[PDB]
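Chemist: Chains A and B, in that order, give the protein sequences.
Mapping of the first sequence onto the authors' numbering: residues 9 to 77, 80 to 171, 176 to 216, 220 to 397, in sequence order.
Mapping of the second sequence onto the authors' numbering: residues 8 to 172, 175 to 217, 220 to 397, in sequence order.
I am attaching a structure below and will ask some questions about it afterwards.
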Amino acid sequence: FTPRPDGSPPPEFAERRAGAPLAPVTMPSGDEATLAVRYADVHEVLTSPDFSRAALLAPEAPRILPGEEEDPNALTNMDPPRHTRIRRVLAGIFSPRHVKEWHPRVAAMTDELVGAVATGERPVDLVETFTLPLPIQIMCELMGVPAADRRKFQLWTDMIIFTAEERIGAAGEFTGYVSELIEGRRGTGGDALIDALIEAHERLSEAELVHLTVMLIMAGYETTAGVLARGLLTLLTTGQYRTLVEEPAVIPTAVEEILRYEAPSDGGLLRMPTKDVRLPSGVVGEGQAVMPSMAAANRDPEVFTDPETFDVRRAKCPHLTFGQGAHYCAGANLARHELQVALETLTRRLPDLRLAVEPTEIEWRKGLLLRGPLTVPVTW
Amino acid sequence: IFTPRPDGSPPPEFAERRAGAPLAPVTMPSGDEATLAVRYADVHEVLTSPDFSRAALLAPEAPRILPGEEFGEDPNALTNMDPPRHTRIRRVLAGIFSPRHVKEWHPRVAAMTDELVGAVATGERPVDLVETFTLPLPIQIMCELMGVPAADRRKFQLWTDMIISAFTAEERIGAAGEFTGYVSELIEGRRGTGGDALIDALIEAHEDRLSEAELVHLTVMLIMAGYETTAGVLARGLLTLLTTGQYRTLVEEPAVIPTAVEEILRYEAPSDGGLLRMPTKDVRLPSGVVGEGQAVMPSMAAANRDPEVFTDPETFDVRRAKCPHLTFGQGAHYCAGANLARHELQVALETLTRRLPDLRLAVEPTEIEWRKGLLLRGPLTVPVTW
Ligand code: HEM
Ligand code: HEM
Ligand SMILES: C/C=C(\C)[C@H]1C/C=C/C=C(\C)CC[C@@H](O)[C@@](C)(O)C(=S)/C=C2\N[C@@](C)(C3=N[C@@H](CS3)C(=O)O1)[C@@H](O)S2
Numbered sequence: 009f010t011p012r013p014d015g016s017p018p019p020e021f022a023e024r025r026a027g028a029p030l031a032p033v034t035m036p037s038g039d040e041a042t043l044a045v046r047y048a049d050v051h052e053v054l055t056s057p058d059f060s061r062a063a064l065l066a067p068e069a070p071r072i073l074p075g076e077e080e081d082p083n084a085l086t087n088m089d090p091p092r093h094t095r096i097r098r099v100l101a102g103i104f105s106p107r108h109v110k111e112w113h114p115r116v117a118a119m120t121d122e123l124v125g126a127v128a129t130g131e132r133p134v135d136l137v138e139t140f141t142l143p144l145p146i147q148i149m150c151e152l153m154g155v156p157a158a159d160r161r162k163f164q165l166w167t168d169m170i171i176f177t178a179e180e181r182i183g184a185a186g187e188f189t190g191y192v193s194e195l196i197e198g199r200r201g202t203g204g205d206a207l208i209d210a211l212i213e214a215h216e220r221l222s223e224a225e226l227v228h229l230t231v232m233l234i235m236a237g238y239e240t241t242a243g244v245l246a247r248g249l250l251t252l253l254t255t256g257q258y259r260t261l262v263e264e265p266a267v268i269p270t271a272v273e274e275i276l277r278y279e280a281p282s283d284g285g286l287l288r289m290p291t292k293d294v295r296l297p298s299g300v301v302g303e304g305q306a307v308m309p310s311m312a313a314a315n316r317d318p319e320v321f322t323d324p325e326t327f328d329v330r331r332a333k334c335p336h337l338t339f340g341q342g343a344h345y346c347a348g349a350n351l352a353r354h355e356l357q358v359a360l361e362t363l364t365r366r367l368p369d370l371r372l373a374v375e376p377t378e379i380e381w382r383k384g385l386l387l388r389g390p391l392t393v394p395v396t397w
Numbered sequence: 008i009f010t011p012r013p014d015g016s017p018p019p020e021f022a023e024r025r026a027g028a029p030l031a032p033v034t035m036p037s038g039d040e041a042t043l044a045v046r047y048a049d050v051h052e053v054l055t056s057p058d059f060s061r062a063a064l065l066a067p068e069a070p071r072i073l074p075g076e077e078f079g080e081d082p083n084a085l086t087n088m089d090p091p092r093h094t095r096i097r098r099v100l101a102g103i104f105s106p107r108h109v110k111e112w113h114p115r116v117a118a119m120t121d122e123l124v125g126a127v128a129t130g131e132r133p134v135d136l137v138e139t140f141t142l143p144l145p146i147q148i149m150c151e152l153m154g155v156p157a158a159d160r161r162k163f164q165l166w167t168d169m170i171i172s175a176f177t178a179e180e181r182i183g184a185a186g187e188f189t190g191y192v193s194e195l196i197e198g199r200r201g202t203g204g205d206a207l208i209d210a211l212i213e214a215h216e217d220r221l222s223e224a225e226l227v228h229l230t231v232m233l234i235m236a237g238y239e240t241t242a243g244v245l246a247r248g249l250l251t252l253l254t255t256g257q258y259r260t261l262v263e264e265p266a267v268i269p270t271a272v273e274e275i276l277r278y279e280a281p282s283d284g285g286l287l288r289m290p291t292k293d294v295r296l297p298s299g300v301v302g303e304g305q306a307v308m309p310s311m312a313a314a315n316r317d318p319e320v321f322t323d324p325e326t327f328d329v330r331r332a333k334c335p336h337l338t339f340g341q342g343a344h345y346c347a348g349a350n351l352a353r354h355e356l357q358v359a360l361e362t363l364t365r366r367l368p369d370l371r372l373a374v375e376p377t378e379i380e381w382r383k384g385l386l387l388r389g390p391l392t393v394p395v396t397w
């Protein structure tokens, strides 16, 4: 909520998990909601059918931040049955067995960027040169987007967390660019992600395809960049980077542990109960919105032994960083793969990587909910 | 012969030399002379015979085409080598550029075509097909194959324009050193990343073979050749399609595309000339004997319009069945990227005729301007609408 100078959780989480599992919290908007922090409460909030996303569009419902965007055609603001139809299409697209035509593009973009880091001026900022551009360049290649337009996609997303009409403006260039992009691509015989989306509209409405495309690009850039910058910074400060260099087989569990520990937001999309719901820690009333804090759930000693310790070898790691239930992250398999190949390539090409400053000098983004370091200087 | 022409039509000297003066002197831009072979039978022989040398053109007293350069005088350029070294590097190139490896790059060709036609399709009309399609398509593929950051694409393109040749100066020496340097740094970065692109395959050929200087210069050359030659031929190819209306034949009958690719290669050969061959003793060509130490220019474009080989050679016909052209050269130096090039041209036409069937020249044929200077010929723009 209030800017922290590092990636330390707010201590109000541990307090709420101990004795105030389902208490009000006042959000940046000034409105309040019940904050669920215990794993089991968050699990239930994310899986139960008795909560609605679409109800948060109603004019009286509470908001997390001040403003609009709040789009009625965004996947995150829909309920069954509409919601279910678009997800069926997305499983058909992000077929875990269609990733195979896509793995090479991920590795190629990593090799590209790690090479550039490798011959760059030390000390290098790993954010600007690696962690920020890797996911945007990946999403762009998969959407058949000219590399000349990637910086523009980055700024529109950054703008769309900037003051109302400036955010409507930037949403309007993205939607417009994307619909145009689409018109161009219809009729080519393509096999990229953008192509599979287009061809699902011949099950997706016009505005559905456009907004889904926009969201896939935004979703798959900001979160991954966040998690990866954070993950690398923890690897470097704990010295667990070296563990991955010496034992590359540990990279899978490291990815999971980074997801758990580095969950980029402390908050979550509100859920509205459509009737009185019993969660494990208590009953929450109909019409009283709940915030699921997956970040808090991820550091719950009921589930994770020694929750505040970062351990790349952690075997039991059912984190909620991809959410859960129906809104479970659509790009979960791509993201996990991006993270693995990122760590694989970087530890292979630069084993003797190390932070070029002390942790406490690194600055973190202030405001905009999502938390992450502003720069990660390294040398070797 | 490389003097200004307002279009892509051949020098009429070609028809007269083929008629009555097959192996006659020609003066080159440099001021120096060579024998100009124009008949298909002579050009074939000049390219395939083991009695001609490329390397001997490096000797300081040998004739040159251009008046001063670096990259073409480079001893480590594949085009400036004879067996056995030439053979070593070629077999490395065969183990990289195999028919199988090209079939495993296919999606990346299609994807860059897909991208760029889509942007053609949505462009403000009339769209210049050169700037939006023919120029970027192959440079962007090559760069993708070499792990080159997309921001670095125009640098590669301008450099390659300088080494091709007025725009001539001692600048085609400064360009070589910037490309060479950039590429060496690209290599440094890339060794140890474990990628599966072309540039990785070249590096893993050096490591335990290709020398450092061979690797560097070959990578630079693969970048320049895979862009400038393909770019020109494709632009030329599309322009002839549109001006003949044979574009429509391909839209209505896509199975014609392969013969169209060959006929484009034949008719649109981007050069009037070719790299000098030095005979290493007296050689009897079909049209006459050439003297030891007397250089011959093989004009593959003249050969391609020889009425002894090709009926109605000045007619462009996408249905003409297999008649070996020489646009890829012949013999030992036969173009190493030939199969990527044919594939790039086949996909460009497959994609572009599918997306924009009713494409048409936005201007009169004769209104188009052609690149001046350079050893390649090609139109500056190809404006179109639909
Ligand atoms: C490490 C990176 C990522 C994290 C931490 C992450 C996390 C999440 C989370 C937690 C949600 C659910 C939100 C909620 O229910 O409150 C979500 C939804 C979503 N994710 Fe992400 N994501 C990541 C990467 C990606 C990628 C690469 C894509 C795109 C391919 C993507 C696309 C989506 C979409 C479309 C949704 C909305 C799904 C729905 O509402 O049904 N994610 N993501
Ligand atoms: C339409 C496309 C192309 C044309 C018209 C073309 C033409 C030629 C010709 C005629 C030669 C031989 C010159 C001589 O023997 O004097 C040659 C050499 C060569 N080409 Fe091309 N080429 C094209 C595309 C490519 C591509 C895509 C590559 C890139 C990988 C490439 C790489 C090379 C190399 C490395 C050589 C030198 C081989 C040697 O000297 O042994 N070419 N090309
Ligand atoms: C410009 C040629 C490139 C980029 C490559 C590869 C293969 C092309 C051969 C073709 C298309 C045939 C004609 C070509 O030989 C000619 C006469 O047009 C040219 S362009 C001749 C010369 N060019 C220079 C700049 C170089 N060619 C070699 C090494 S540098 C090269 O890169 O070939 C001069 O040496 S002479």
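Ideal placement from N, C-alpha and C gives every residue a C-beta, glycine not left out.
Does the separation of the CB atoms of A347 of chain A and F104 of chain A fall below 8 angstroms?
Modeler: In this structure, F104 of chain A lies closer than 8 angstroms to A347 of chain A by Cβ.
Chemist: How big is the Cα-Cα spacing for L286 of chain A and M235 of chain A?
Modeler: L286 of chain A and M235 of chain A: Cα-Cα distance of roughly 16 angstroms.
Chemist: Hey, is the stretch 191 to 209 of chain A in contact with the stretch 151 to 164 of chain A, meaning 3+ C-beta pairs nearer than 8 angstroms?
Modeler: Because the criterion of three Cβ pairs below 8 angstroms is met, the stretch 191 to 209 of chain A and the stretch 151 to 164 of chain A touch.
Chemist: Using the DSSP secondary-structure output, state which residues sit across from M289 of chain B in a beta bridge.
Modeler: B:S60, per the DSSP bridge assignment.
Chemist: Quick one: list the residues of chain B neighbouring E197 of chain A, beta-carbon separation under 9 angstroms, in chain order.
Modeler: The answer, in chain order, is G125, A128, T129.
Chemist: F188 of chain B: which of B:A178, B:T230, B:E216 sits nearest, CA to CA?
Modeler: Cα-wise, what sits closest to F188 of chain B is B:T230.
Chemist: With 8 angstroms set as the bound, which would you pick, yes or no: does the beta-carbon of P18 of chain A sit closer than that to a beta-carbon of chain B?
Modeler: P18 of chain A does not count as touching chain B.
Chemist: Taking 8 angstroms as the threshold (C-beta atoms), are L85 of chain A and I72 of chain A in contact?
Modeler: Contact: no.
Chemist: Answer yes or no: the CB of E239 of chain B versus the heavy atoms of ligand 3, is any distance below 7 angstroms?
Modeler: Result yes, Cβ under 7 angstroms from ligand 3.
Chemist: What residues match up with residue 173 of chain B in a beta bridge as DSSP calls it?
Modeler: Any structural detail on residue 173 of chain B is unavailable, because chain B resumes at 175 straight after 172.
Chemist: Check whether the Cβ of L387 of chain B sits closer than 7 angstroms to any heavy atom of ligand 3, and report yes or no.
Modeler: Yes, the Cβ of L387 of chain B comes within 7 angstroms of a heavy atom of ligand 3.
Chemist: Could you pull out every unbroken alpha helix (DSSP H) segment of at least 4 residues lying fully inside the stretch 297 to 327 of chain B, listed in chain order?
Modeler: Listed in chain order, the complete alpha helix (DSSP H) runs (minimum 4 residues) inside the stretch 297 to 327 of chain B are 311 to 314.
Chemist: Three or more beta-carbon pairs under 8 angstroms between the stretch 240 to 253 of chain B and the stretch 132 to 145 of chain B, yes or no?
Modeler: Touching, yes.
Chemist: Where do the N-terminal and C-terminal ends of the alpha helix (DSSP H) with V45 of chain B fall, by residue?
Modeler: Where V45 of chain B is concerned, there is no enclosing alpha helix (DSSP H), given that its DSSP letter is neither H nor E.
Chemist: Can you pull the chain A residues whose beta carbon is under 7 angstroms from the beta carbon of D135 of chain B, in chain order?
Modeler: Chain A residues near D135 of chain B: none, gap ~16 angstroms exceeds 7 angstroms.
Chemist: Could you tell me the alpha carbon to alpha carbon distance between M149 of chain A and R388 of chain A, rounded to whole angstroms?
Modeler: Roughly 21 angstroms separates the two Cα atoms.
Chemist: For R161 of chain B, count neighbouring C-beta atoms within 10 Å of its own C-beta (all shown protein chains included) and say buried if the count is 16 or more, exposed if not.
Modeler: It counts as exposed.
Chemist: Please name the residues in the stretch 92 to 124 of chain A whose beta-carbon is closer than 9 angstroms to at least one beta-carbon of chain B, in chain order.
Modeler: Within the stretch 92 to 124 of chain A, the qualifying residues are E111, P114, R115, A117, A118, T120, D121, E122, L123, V124.
Chemist: Specify the secondary structure class of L356 of chain A as computed by DSSP and reduced to three states.
Modeler: Reduced to three states, the DSSP call for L356 of chain A is helix.
Chemist: Is there contact between the stretch 127 to 137 of chain B and the stretch 221 to 228 of chain A, where contact requires at least three CB pairs shorter than 8 angstroms?
Modeler: Verdict: no, contact absent.
Chemist: If you drop the 5 nearest sequence neighbours on each side, which residues of the same chain put their C-beta closer than 8 angstroms to that of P11 of chain A?
Modeler: Correct list, in chain order: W381, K383, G384.
Chemist: Quick one: give me the first and last residue of the alpha helix (DSSP H) that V99 of chain A is part of.
Modeler: That run of the alpha helix (DSSP H) goes 92 to 103.
Chemist: Against chain B, which members of the stretch 339 to 367 of chain A pass a CB distance test of less than 7 angstroms?
Modeler: Those would be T362, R365, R366, in chain order.
Chemist: Using 8 angstroms as the threshold, is the stretch 328 to 342 of chain B in touch with the stretch 267 to 283 of chain B, meaning 3 or more CB pairs across them?
Modeler: Flag = yes, the stretch 328 to 342 of chain B and the stretch 267 to 283 of chain B touch.
Chemist: Name, please, each residue of chain A whose Cβ falls closer than 8 angstroms to the Cβ of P265 of chain B.
Modeler: Chain A residues near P265 of chain B: none, gap ~11 angstroms exceeds 8 angstroms.
Chemist: Just grab the DSSP bridge partners of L372 of chain A for me.
Modeler: According to DSSP, which records beta bridges pairwise, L372 of chain A is partnered with A:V395.
Chemist: Quick one: what does DSSP say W112 of chain A is sitting in, helix, strand or coil?
Modeler: It is coil, neither helix nor strand.
Chemist: Shortest alpha-carbon distance to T254 of chain A belongs to which of A:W166, A:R371, A:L363, A:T120?
Modeler: Among A:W166, A:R371, A:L363, A:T120, the Cα nearest to that of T254 of chain A is on A:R371.
Chemist: Starting from the Cα of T260 of chain A, find the closest Cα among A:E20, A:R365, A:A306 and give me that residue.
Modeler: Measuring from the Cα of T260 of chain A, the nearest candidate turns out to be A:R365.
Chemist: According to DSSP, what are the bridge partners of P390 of chain B?
Modeler: Its beta-bridge partners are B:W381.
Chemist: Quick one: does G204 of chain A have its CB under 8 angstroms from some CB of chain B?
Modeler: Judged by the 8 angstroms Cβ criterion, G204 of chain A is in contact with chain B.
Chemist: What are the boundary residues of the alpha helix (DSSP H) that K162 of chain B is part of?
Modeler: Per DSSP, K162 of chain B belongs to the alpha helix (DSSP H) from 160 to 171.
Chemist: Would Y47 of chain A and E319 of chain A qualify as a contact pair, given that the criterion is a beta-carbon distance under 8 angstroms?
Modeler: Contact: yes.
Chemist: Leaving out five residues before and five after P70 of chain B in sequence, what residues of the same chain have Cβ atoms less than 6 angstroms from its Cβ?
Modeler: For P70 of chain B, where only same-chain residues beyond five positions count, the Cβ hits under 6 angstroms are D39, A41, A306.
Chemist: With DSSP as the reference, please indicate the residues paired to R295 of chain B in a beta bridge.
Modeler: According to DSSP, which records beta bridges pairwise, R295 of chain B is partnered with B:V300.
Chemist: Identify whether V134 of chain B lies in helix, strand or coil by the three-state DSSP scheme.
Modeler: The answer is strand: DSSP assigns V134 of chain B an E or B state.
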